$ cat upload.tsv   # TSV, N, CA and C atoms
chain	number	residue	atom	x	y	z
A	2	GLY	N	0.78	-1.21	0.00
A	2	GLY	CA	0.00	0.00	0.00
A	2	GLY	C	0.80	1.25	0.00
A	3	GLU	N	0.16	2.36	-0.31
A	3	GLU	CA	0.84	3.64	-0.34
A	3	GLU	C	1.45	4.05	1.00
A	4	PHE	N	0.80	3.69	2.10
A	4	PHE	CA	1.36	4.00	3.40
A	4	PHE	C	2.74	3.41	3.51
A	5	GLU	N	2.83	2.11	3.29
A	5	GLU	CA	4.12	1.46	3.50
A	5	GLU	C	5.18	2.07	2.58
A	6	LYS	N	4.80	2.38	1.35
A	6	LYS	CA	5.77	2.91	0.40
A	6	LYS	C	6.19	4.32	0.77
A	7	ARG	N	5.24	5.19	1.13
A	7	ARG	CA	5.61	6.53	1.58
A	7	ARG	C	6.46	6.47	2.84
A	8	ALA	N	6.11	5.58	3.77
A	8	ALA	CA	6.88	5.44	4.99
A	8	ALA	C	8.29	4.96	4.69
A	9	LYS	N	8.45	4.08	3.69
A	9	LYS	CA	9.78	3.62	3.31
A	9	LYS	C	10.60	4.72	2.65
A	10	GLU	N	9.96	5.54	1.82
A	10	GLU	CA	10.65	6.72	1.30
A	10	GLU	C	11.14	7.60	2.44
A	11	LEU	N	10.30	7.80	3.46
A	11	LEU	CA	10.70	8.59	4.61
A	11	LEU	C	11.86	7.93	5.36
A	12	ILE	N	11.85	6.60	5.42
A	12	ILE	CA	12.92	5.87	6.09
A	12	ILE	C	14.24	6.07	5.34
A	13	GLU	N	14.18	6.08	4.01
A	13	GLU	CA	15.41	6.32	3.25
A	13	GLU	C	15.92	7.74	3.48
A	14	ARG	N	15.00	8.71	3.53
A	14	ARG	CA	15.40	10.08	3.83
A	14	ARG	C	16.02	10.18	5.22
A	15	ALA	N	15.46	9.48	6.21
A	15	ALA	CA	16.05	9.49	7.55
A	15	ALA	C	17.42	8.83	7.56
A	16	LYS	N	17.57	7.73	6.82
A	16	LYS	CA	18.85	7.02	6.75
A	16	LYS	C	19.94	7.92	6.19
A	17	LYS	N	19.59	8.78	5.23
A	17	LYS	CA	20.60	9.68	4.67
A	17	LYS	C	21.10	10.71	5.67
A	18	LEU	N	20.31	11.04	6.69
A	18	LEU	CA	20.66	12.11	7.61
A	18	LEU	C	21.70	11.70	8.65
A	19	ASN	N	21.70	10.43	9.06
A	19	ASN	CA	22.73	9.88	9.95
A	19	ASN	C	22.94	10.75	11.19
A	20	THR	N	21.88	10.91	11.98
A	20	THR	CA	21.94	11.54	13.29
A	20	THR	C	21.01	10.80	14.24
A	21	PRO	N	21.22	10.93	15.55
A	21	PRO	CA	20.32	10.23	16.50
A	21	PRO	C	18.85	10.58	16.33
A	22	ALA	N	18.53	11.85	16.04
A	22	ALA	CA	17.14	12.23	15.84
A	22	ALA	C	16.54	11.55	14.62
A	23	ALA	N	17.33	11.43	13.55
A	23	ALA	CA	16.89	10.74	12.35
A	23	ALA	C	16.76	9.24	12.59
A	24	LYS	N	17.65	8.64	13.40
A	24	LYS	CA	17.49	7.23	13.77
A	24	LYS	C	16.20	7.01	14.56
A	25	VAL	N	15.87	7.95	15.45
A	25	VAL	CA	14.64	7.85	16.22
A	25	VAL	C	13.43	7.89	15.30
A	26	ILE	N	13.44	8.80	14.32
A	26	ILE	CA	12.33	8.89	13.37
A	26	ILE	C	12.25	7.64	12.50
A	27	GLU	N	13.40	7.12	12.07
A	27	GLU	CA	13.41	5.89	11.27
A	27	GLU	C	12.75	4.75	12.02
A	28	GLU	N	13.11	4.56	13.30
A	28	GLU	CA	12.52	3.49	14.11
A	28	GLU	C	11.02	3.66	14.26
A	29	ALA	N	10.57	4.89	14.55
A	29	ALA	CA	9.14	5.14	14.65
A	29	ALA	C	8.43	4.77	13.36
A	30	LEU	N	9.05	5.08	12.22
A	30	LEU	CA	8.43	4.79	10.93
A	30	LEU	C	8.30	3.30	10.68
A	31	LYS	N	9.34	2.52	11.04
A	31	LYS	CA	9.23	1.05	10.93
A	31	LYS	C	8.07	0.52	11.77
A	32	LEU	N	7.93	1.05	12.99
A	32	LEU	CA	6.84	0.65	13.87
A	32	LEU	C	5.47	1.01	13.28
A	33	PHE	N	5.39	2.17	12.65
A	33	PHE	CA	4.13	2.64	12.05
A	33	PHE	C	3.75	1.71	10.90
A	34	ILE	N	4.73	1.29	10.12
A	34	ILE	CA	4.45	0.37	9.01
A	34	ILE	C	3.75	-0.88	9.54
A	35	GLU	N	4.35	-1.48	10.58
A	35	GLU	CA	3.73	-2.69	11.11
A	35	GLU	C	2.36	-2.39	11.73
A	36	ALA	N	2.26	-1.27	12.45
A	36	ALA	CA	0.99	-0.87	13.08
A	36	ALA	C	-0.11	-0.65	12.05
A	37	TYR	N	0.24	-0.06	10.91
A	37	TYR	CA	-0.75	0.26	9.89
A	37	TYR	C	-1.24	-1.01	9.20
A	38	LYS	N	-0.33	-1.96	8.95
A	38	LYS	CA	-0.79	-3.24	8.43
A	38	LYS	C	-1.77	-3.90	9.39
A	39	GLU	N	-1.44	-3.89	10.69
A	39	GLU	CA	-2.35	-4.50	11.66
A	39	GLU	C	-3.70	-3.78	11.68
A	40	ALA	N	-3.70	-2.45	11.64
A	40	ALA	CA	-4.97	-1.71	11.68
A	40	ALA	C	-5.83	-1.99	10.44
A	41	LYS	N	-5.20	-2.11	9.27
A	41	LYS	CA	-5.93	-2.45	8.04
A	41	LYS	C	-6.54	-3.84	8.15
A	42	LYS	N	-5.75	-4.83	8.56
A	42	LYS	CA	-6.31	-6.15	8.83
A	42	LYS	C	-7.42	-6.08	9.89
A	43	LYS	N	-7.26	-5.21	10.89
A	43	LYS	CA	-8.25	-5.01	11.95
A	43	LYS	C	-9.55	-4.33	11.46
A	44	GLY	N	-9.47	-3.64	10.33
A	44	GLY	CA	-10.54	-2.78	9.91
A	44	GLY	C	-10.68	-1.53	10.77
A	45	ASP	N	-9.60	-1.10	11.43
A	45	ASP	CA	-9.62	0.08	12.30
A	45	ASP	C	-9.23	1.32	11.51
A	46	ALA	N	-10.24	1.99	10.96
A	46	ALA	CA	-9.99	3.20	10.19
A	46	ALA	C	-9.47	4.33	11.07
A	47	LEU	N	-9.91	4.39	12.33
A	47	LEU	CA	-9.44	5.46	13.20
A	47	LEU	C	-7.94	5.34	13.43
A	48	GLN	N	-7.46	4.13	13.69
A	48	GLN	CA	-6.03	3.94	13.90
A	48	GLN	C	-5.26	4.17	12.60
A	49	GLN	N	-5.84	3.79	11.46
A	49	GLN	CA	-5.18	4.11	10.19
A	49	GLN	C	-5.00	5.61	10.01
A	50	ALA	N	-6.05	6.38	10.32
A	50	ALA	CA	-5.99	7.84	10.20
A	50	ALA	C	-4.99	8.44	11.18
A	51	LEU	N	-4.97	7.92	12.41
A	51	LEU	CA	-3.96	8.34	13.37
A	51	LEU	C	-2.56	8.08	12.83
A	52	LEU	N	-2.34	6.92	12.19
A	52	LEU	CA	-0.99	6.61	11.69
A	52	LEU	C	-0.64	7.46	10.48
A	53	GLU	N	-1.63	7.83	9.67
A	53	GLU	CA	-1.40	8.76	8.57
A	53	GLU	C	-0.98	10.12	9.09
A	54	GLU	N	-1.60	10.58	10.17
A	54	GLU	CA	-1.18	11.84	10.77
A	54	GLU	C	0.23	11.73	11.36
A	55	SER	N	0.54	10.58	11.98
A	55	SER	CA	1.91	10.35	12.44
A	55	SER	C	2.89	10.46	11.28
A	56	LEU	N	2.54	9.87	10.14
A	56	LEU	CA	3.43	9.94	8.97
A	56	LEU	C	3.64	11.38	8.52
A	57	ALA	N	2.56	12.17	8.49
A	57	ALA	CA	2.68	13.57	8.12
A	57	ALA	C	3.61	14.32	9.07
A	58	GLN	N	3.48	14.08	10.38
A	58	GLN	CA	4.31	14.82	11.34
A	58	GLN	C	5.77	14.36	11.30
A	59	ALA	N	5.99	13.06	11.12
A	59	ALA	CA	7.35	12.56	10.98
A	59	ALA	C	8.02	13.14	9.75
A	60	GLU	N	7.29	13.23	8.63
A	60	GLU	CA	7.85	13.82	7.42
A	60	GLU	C	8.18	15.29	7.62
A	61	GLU	N	7.33	16.03	8.33
A	61	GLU	CA	7.66	17.43	8.58
A	61	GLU	C	8.93	17.54	9.42
A	62	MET	N	9.08	16.66	10.42
A	62	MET	CA	10.30	16.64	11.22
A	62	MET	C	11.53	16.36	10.38
A	63	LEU	N	11.42	15.35	9.50
A	63	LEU	CA	12.52	15.01	8.62
A	63	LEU	C	12.90	16.20	7.75
A	64	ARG	N	11.89	16.87	7.20
A	64	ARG	CA	12.13	18.08	6.42
A	64	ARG	C	12.94	19.10	7.23
A	65	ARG	N	12.49	19.39	8.45
A	65	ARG	CA	13.21	20.34	9.29
A	65	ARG	C	14.67	19.92	9.49
A	66	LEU	N	14.90	18.65	9.83
A	66	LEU	CA	16.29	18.20	9.99
A	66	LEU	C	17.07	18.33	8.69
A	67	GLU	N	16.40	18.14	7.55
A	67	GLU	CA	17.06	18.23	6.26
A	67	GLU	C	17.42	19.67	5.90
A	68	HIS	N	16.85	20.65	6.61
A	68	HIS	CA	17.21	22.05	6.45
A	68	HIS	C	18.48	22.38	7.21
B	1	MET	N	5.90	-4.44	36.56
B	1	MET	CA	6.03	-3.66	35.34
B	1	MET	C	7.43	-3.05	35.24
B	2	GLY	N	8.02	-3.12	34.05
B	2	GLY	CA	9.35	-2.58	33.86
B	2	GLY	C	9.38	-1.07	33.96
B	3	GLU	N	10.59	-0.55	34.12
B	3	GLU	CA	10.75	0.89	34.33
B	3	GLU	C	10.52	1.68	33.04
B	4	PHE	N	10.83	1.07	31.90
B	4	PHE	CA	10.56	1.71	30.62
B	4	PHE	C	9.07	1.93	30.43
B	5	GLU	N	8.27	0.87	30.59
B	5	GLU	CA	6.82	1.00	30.47
B	5	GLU	C	6.29	2.05	31.44
B	6	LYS	N	6.84	2.13	32.66
B	6	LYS	CA	6.32	3.10	33.62
B	6	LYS	C	6.55	4.53	33.13
B	7	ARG	N	7.75	4.81	32.62
B	7	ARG	CA	8.11	6.08	31.98
B	7	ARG	C	7.19	6.39	30.79
B	8	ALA	N	6.94	5.38	29.94
B	8	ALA	CA	6.07	5.58	28.77
B	8	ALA	C	4.61	5.84	29.17
B	9	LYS	N	4.13	5.16	30.21
B	9	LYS	CA	2.75	5.34	30.65
B	9	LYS	C	2.53	6.74	31.22
B	10	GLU	N	3.48	7.25	32.02
B	10	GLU	CA	3.37	8.65	32.46
B	10	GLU	C	3.35	9.61	31.28
B	11	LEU	N	4.20	9.38	30.28
B	11	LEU	CA	4.18	10.26	29.12
B	11	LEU	C	2.86	10.15	28.36
B	12	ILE	N	2.26	8.96	28.33
B	12	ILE	CA	0.97	8.76	27.66
B	12	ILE	C	-0.13	9.55	28.37
B	13	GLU	N	-0.10	9.57	29.71
B	13	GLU	CA	-1.09	10.36	30.45
B	13	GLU	C	-0.93	11.85	30.17
B	14	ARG	N	0.31	12.33	30.12
B	14	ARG	CA	0.49	13.75	29.79
B	14	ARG	C	0.00	14.07	28.38
B	15	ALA	N	0.30	13.19	27.42
B	15	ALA	CA	-0.15	13.43	26.05
B	15	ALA	C	-1.67	13.45	25.98
B	16	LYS	N	-2.33	12.54	26.70
B	16	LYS	CA	-3.79	12.55	26.72
B	16	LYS	C	-4.31	13.86	27.29
B	17	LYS	N	-3.60	14.42	28.28
B	17	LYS	CA	-4.03	15.70	28.82
B	17	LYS	C	-3.91	16.81	27.79
B	18	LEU	N	-2.98	16.69	26.83
B	18	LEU	CA	-2.79	17.80	25.89
B	18	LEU	C	-3.89	17.87	24.83
B	19	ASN	N	-4.49	16.73	24.46
B	19	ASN	CA	-5.66	16.66	23.58
B	19	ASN	C	-5.53	17.52	22.32
B	20	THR	N	-4.52	17.21	21.51
B	20	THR	CA	-4.32	17.74	20.17
B	20	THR	C	-3.78	16.62	19.32
B	21	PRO	N	-3.94	16.71	17.98
B	21	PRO	CA	-3.40	15.64	17.12
B	21	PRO	C	-1.91	15.36	17.28
B	22	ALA	N	-1.09	16.37	17.58
B	22	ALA	CA	0.33	16.09	17.83
B	22	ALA	C	0.50	15.27	19.10
B	23	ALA	N	-0.26	15.60	20.14
B	23	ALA	CA	-0.19	14.82	21.37
B	23	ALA	C	-0.73	13.41	21.16
B	24	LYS	N	-1.78	13.28	20.36
B	24	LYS	CA	-2.30	11.96	20.04
B	24	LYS	C	-1.28	11.15	19.26
B	25	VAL	N	-0.53	11.81	18.37
B	25	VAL	CA	0.51	11.12	17.61
B	25	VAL	C	1.60	10.62	18.56
B	26	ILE	N	1.98	11.46	19.52
B	26	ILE	CA	3.00	11.08	20.50
B	26	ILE	C	2.51	9.92	21.37
B	27	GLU	N	1.24	9.97	21.78
B	27	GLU	CA	0.64	8.89	22.56
B	27	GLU	C	0.71	7.57	21.81
B	28	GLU	N	0.35	7.59	20.52
B	28	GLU	CA	0.42	6.37	19.73
B	28	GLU	C	1.86	5.86	19.64
B	29	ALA	N	2.81	6.77	19.39
B	29	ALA	CA	4.22	6.37	19.31
B	29	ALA	C	4.69	5.71	20.60
B	30	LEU	N	4.27	6.25	21.75
B	30	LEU	CA	4.68	5.69	23.04
B	30	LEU	C	4.11	4.29	23.25
B	31	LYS	N	2.84	4.08	22.88
B	31	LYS	CA	2.29	2.72	22.97
B	31	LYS	C	3.10	1.74	22.12
B	32	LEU	N	3.46	2.16	20.91
B	32	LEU	CA	4.27	1.26	20.06
B	32	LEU	C	5.65	1.03	20.67
B	33	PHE	N	6.21	2.05	21.30
B	33	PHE	CA	7.55	1.93	21.94
B	33	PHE	C	7.49	0.90	23.05
B	34	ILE	N	6.42	0.92	23.85
B	34	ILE	CA	6.28	-0.06	24.96
B	34	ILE	C	6.35	-1.48	24.41
B	35	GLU	N	5.58	-1.74	23.35
B	35	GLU	CA	5.63	-3.11	22.81
B	35	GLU	C	6.99	-3.43	22.17
B	36	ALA	N	7.57	-2.47	21.44
B	36	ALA	CA	8.89	-2.68	20.85
B	36	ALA	C	9.93	-2.98	21.92
B	37	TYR	N	9.83	-2.30	23.06
B	37	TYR	CA	10.84	-2.46	24.10
B	37	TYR	C	10.72	-3.82	24.77
B	38	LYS	N	9.49	-4.29	24.98
B	38	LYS	CA	9.31	-5.65	25.48
B	38	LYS	C	9.93	-6.67	24.54
B	39	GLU	N	9.71	-6.49	23.23
B	39	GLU	CA	10.32	-7.42	22.26
B	39	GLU	C	11.85	-7.36	22.30
B	40	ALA	N	12.41	-6.14	22.36
B	40	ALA	CA	13.85	-5.98	22.40
B	40	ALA	C	14.45	-6.62	23.64
B	41	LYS	N	13.76	-6.46	24.78
B	41	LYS	CA	14.19	-7.07	26.02
B	41	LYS	C	14.24	-8.59	25.90
B	42	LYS	N	13.16	-9.18	25.38
B	42	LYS	CA	13.17	-10.63	25.17
B	42	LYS	C	14.34	-11.06	24.30
B	43	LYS	N	14.62	-10.33	23.22
B	43	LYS	CA	15.75	-10.69	22.37
B	43	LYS	C	17.10	-10.36	22.98
B	44	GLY	N	17.14	-9.56	24.05
B	44	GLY	CA	18.42	-9.14	24.58
B	44	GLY	C	19.15	-8.17	23.68
B	45	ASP	N	18.42	-7.41	22.87
B	45	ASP	CA	18.99	-6.46	21.92
B	45	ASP	C	19.23	-5.17	22.68
B	46	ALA	N	20.45	-5.02	23.21
B	46	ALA	CA	20.79	-3.83	23.98
B	46	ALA	C	20.75	-2.58	23.12
B	47	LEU	N	21.15	-2.70	21.85
B	47	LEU	CA	21.19	-1.53	20.98
B	47	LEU	C	19.78	-1.01	20.71
B	48	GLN	N	18.83	-1.91	20.44
B	48	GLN	CA	17.46	-1.49	20.19
B	48	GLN	C	16.81	-0.93	21.45
B	49	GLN	N	17.14	-1.50	22.60
B	49	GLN	CA	16.70	-0.92	23.86
B	49	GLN	C	17.20	0.51	24.01
B	50	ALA	N	18.47	0.75	23.68
B	50	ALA	CA	19.01	2.11	23.77
B	50	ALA	C	18.33	3.05	22.78
B	51	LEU	N	18.11	2.59	21.55
B	51	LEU	CA	17.37	3.41	20.59
B	51	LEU	C	15.98	3.78	21.11
B	52	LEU	N	15.29	2.82	21.73
B	52	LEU	CA	13.95	3.11	22.22
B	52	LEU	C	13.99	4.00	23.46
B	53	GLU	N	15.03	3.86	24.29
B	53	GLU	CA	15.19	4.75	25.43
B	53	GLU	C	15.42	6.18	24.96
B	54	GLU	N	16.18	6.35	23.87
B	54	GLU	CA	16.37	7.68	23.28
B	54	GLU	C	15.09	8.22	22.65
B	55	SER	N	14.32	7.35	21.98
B	55	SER	CA	13.03	7.77	21.45
B	55	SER	C	12.12	8.29	22.56
B	56	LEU	N	12.08	7.58	23.68
B	56	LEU	CA	11.27	8.02	24.82
B	56	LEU	C	11.75	9.37	25.35
B	57	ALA	N	13.08	9.56	25.44
B	57	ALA	CA	13.63	10.85	25.84
B	57	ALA	C	13.20	11.98	24.90
B	58	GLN	N	13.26	11.74	23.59
B	58	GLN	CA	12.89	12.79	22.64
B	58	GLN	C	11.38	13.04	22.63
B	59	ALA	N	10.58	11.99	22.80
B	59	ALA	CA	9.14	12.19	22.88
B	59	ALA	C	8.78	13.03	24.10
B	60	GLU	N	9.44	12.77	25.22
B	60	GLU	CA	9.20	13.55	26.43
B	60	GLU	C	9.57	15.00	26.23
B	61	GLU	N	10.68	15.27	25.53
B	61	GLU	CA	11.03	16.67	25.28
B	61	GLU	C	9.97	17.35	24.43
B	62	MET	N	9.43	16.66	23.42
B	62	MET	CA	8.33	17.23	22.65
B	62	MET	C	7.12	17.52	23.55
B	63	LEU	N	6.76	16.57	24.41
B	63	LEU	CA	5.62	16.78	25.31
B	63	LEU	C	5.85	17.98	26.22
B	64	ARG	N	7.05	18.08	26.80
B	64	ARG	CA	7.41	19.25	27.61
B	64	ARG	C	7.18	20.53	26.82
B	65	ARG	N	7.69	20.58	25.59
B	65	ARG	CA	7.50	21.75	24.74
B	65	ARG	C	6.02	22.12	24.62
B	66	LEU	N	5.18	21.13	24.35
B	66	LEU	CA	3.75	21.42	24.27
B	66	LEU	C	3.19	21.90	25.61
B	67	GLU	N	3.65	21.32	26.71
B	67	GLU	CA	3.06	21.61	28.01
B	67	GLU	C	3.31	23.04	28.53
B	68	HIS	N	4.16	23.81	27.88
B	68	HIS	CA	4.33	25.18	28.27
B	68	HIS	C	3.34	25.95	27.42
B	69	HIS	N	2.11	25.47	27.36
B	69	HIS	CA	1.07	26.18	26.64
B	69	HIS	C	-0.17	26.23	27.51
$ encode --input "upload.tsv" --output "structure tokens"
Amino acid sequence: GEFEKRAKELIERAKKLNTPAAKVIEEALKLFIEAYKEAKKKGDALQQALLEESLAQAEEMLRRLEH
Amino acid sequence: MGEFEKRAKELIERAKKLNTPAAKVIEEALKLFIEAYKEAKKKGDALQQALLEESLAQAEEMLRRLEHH
């Protein structure tokens, strides 16, 4: 799904930064990938939406670090 | 209950008090950290435990930042 792919793009961006804050974001993103698969299998749209918002905020953080 | 989970649960209560989507995002991250840390402990992965301890530290700093509002 698009979630996993966007999250993996974000993971590659975090990997390029090579700092503890970027490692923390990378780990959170791996966890979100697994969480989002579980929520989809669960049929939990609320948790899916929560994880989409997490992805948006993690990406904004990555952007800031990339500045 | 382990000391990591206790630290994460206190941070989860503070995030619930903040009641904004950023705080809800942090709350969700902390729940996932608790489960990740239990798994890392079972595996004896000291490095992953340290990464998760740092994640908890950074999440708490974000929560602190919000709480001065």
$ closest_residue --input "upload.tsv" --among "B:28, B:41, B:59, B:3" --to "residue B:16" --atoms "only C-alpha atoms"
B:28
$ residues_around --input "upload.tsv" --residues "stretch 13-30 of chain A" --least-positions-apart "2" --cutoff "7 Å" --atoms "only N, CA and C atoms" --output "number ranges by chain"
A: 8-11, 32-35, 59, 63; B: 29, 51, 54-55
$ write_last_selection --input "upload.tsv" --atoms "N, CA and C atoms" --output "PDB file, keeping the file's coordinate frame"
ATOM      1  N   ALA A   8       6.110   5.580   3.770  1.00  0.00           N
ATOM      2  CA  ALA A   8       6.880   5.440   4.990  1.00  0.00           C
ATOM      3  C   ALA A   8       8.290   4.960   4.690  1.00  0.00           C
ATOM      4  N   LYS A   9       8.450   4.080   3.690  1.00  0.00           N
ATOM      5  CA  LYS A   9       9.780   3.620   3.310  1.00  0.00           C
ATOM      6  C   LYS A   9      10.600   4.720   2.650  1.00  0.00           C
ATOM      7  N   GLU A  10       9.960   5.540   1.820  1.00  0.00           N
ATOM      8  CA  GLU A  10      10.650   6.720   1.300  1.00  0.00           C
ATOM      9  C   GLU A  10      11.140   7.600   2.440  1.00  0.00           C
ATOM     10  N   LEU A  11      10.300   7.800   3.460  1.00  0.00           N
ATOM     11  CA  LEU A  11      10.700   8.590   4.610  1.00  0.00           C
ATOM     12  C   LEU A  11      11.860   7.930   5.360  1.00  0.00           C
ATOM     13  N   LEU A  32       7.930   1.050  12.990  1.00  0.00           N
ATOM     14  CA  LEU A  32       6.840   0.650  13.870  1.00  0.00           C
ATOM     15  C   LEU A  32       5.470   1.010  13.280  1.00  0.00           C
ATOM     16  N   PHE A  33       5.390   2.170  12.650  1.00  0.00           N
ATOM     17  CA  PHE A  33       4.130   2.640  12.050  1.00  0.00           C
ATOM     18  C   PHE A  33       3.750   1.710  10.900  1.00  0.00           C
ATOM     19  N   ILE A  34       4.730   1.290  10.120  1.00  0.00           N
ATOM     20  CA  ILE A  34       4.450   0.370   9.010  1.00  0.00           C
ATOM     21  C   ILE A  34       3.750  -0.880   9.540  1.00  0.00           C
ATOM     22  N   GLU A  35       4.350  -1.480  10.580  1.00  0.00           N
ATOM     23  CA  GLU A  35       3.730  -2.690  11.110  1.00  0.00           C
ATOM     24  C   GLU A  35       2.360  -2.390  11.730  1.00  0.00           C
ATOM     25  N   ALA A  59       5.990  13.060  11.120  1.00  0.00           N
ATOM     26  CA  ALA A  59       7.350  12.560  10.980  1.00  0.00           C
ATOM     27  C   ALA A  59       8.020  13.140   9.750  1.00  0.00           C
ATOM     28  N   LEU A  63      11.420  15.350   9.500  1.00  0.00           N
ATOM     29  CA  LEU A  63      12.520  15.010   8.620  1.00  0.00           C
ATOM     30  C   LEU A  63      12.900  16.200   7.750  1.00  0.00           C
TER      31      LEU A  63
ATOM     32  N   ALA B  29       2.810   6.770  19.390  1.00  0.00           N
ATOM     33  CA  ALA B  29       4.220   6.370  19.310  1.00  0.00           C
ATOM     34  C   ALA B  29       4.690   5.710  20.600  1.00  0.00           C
ATOM     35  N   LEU B  51      18.110   2.590  21.550  1.00  0.00           N
ATOM     36  CA  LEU B  51      17.370   3.410  20.590  1.00  0.00           C
ATOM     37  C   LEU B  51      15.980   3.780  21.110  1.00  0.00           C
ATOM     38  N   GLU B  54      16.180   6.350  23.870  1.00  0.00           N
ATOM     39  CA  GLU B  54      16.370   7.680  23.280  1.00  0.00           C
ATOM     40  C   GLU B  54      15.090   8.220  22.650  1.00  0.00           C
ATOM     41  N   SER B  55      14.320   7.350  21.980  1.00  0.00           N
ATOM     42  CA  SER B  55      13.030   7.770  21.450  1.00  0.00           C
ATOM     43  C   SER B  55      12.120   8.290  22.560  1.00  0.00           C
TER      44      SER B  55
END
$ closest_residue --input "upload.tsv" --among "B:52, B:1, B:46, B:15" --to "chain A" --atoms "all atoms listed in the file"
B:52
$ atom_distance --input "upload.tsv" --atom1 "atom N of residue B:56" --atom2 "atom CA of residue A:44"
28.4 Å
$ atom_distance --input "upload.tsv" --atom1 "atom N of residue B:69" --atom2 "atom CA of residue B:22"
13.5 Å
$ interface_residues --input "upload.tsv" --of "chain A" --to "chain B" --cutoff "6.5 Å" --atoms "only N, CA and C atoms" --output "ChimeraX atom specification"
/A:25,51,54-55
$ atom_distance --input "upload.tsv" --atom1 "atom CA of residue A:4" --atom2 "atom C of residue B:50"
25.8 Å
$ axis_aligned_box --input "upload.tsv" --around "stretch 14-26 of chain A" --padding-each-side "8 Å" --output "AutoDock Vina command-line options"
--center_x 17.6 --center_y 9.6 --center_z 10.0 --size_x 26.7 --size_y 21.2 --size_z 29.0
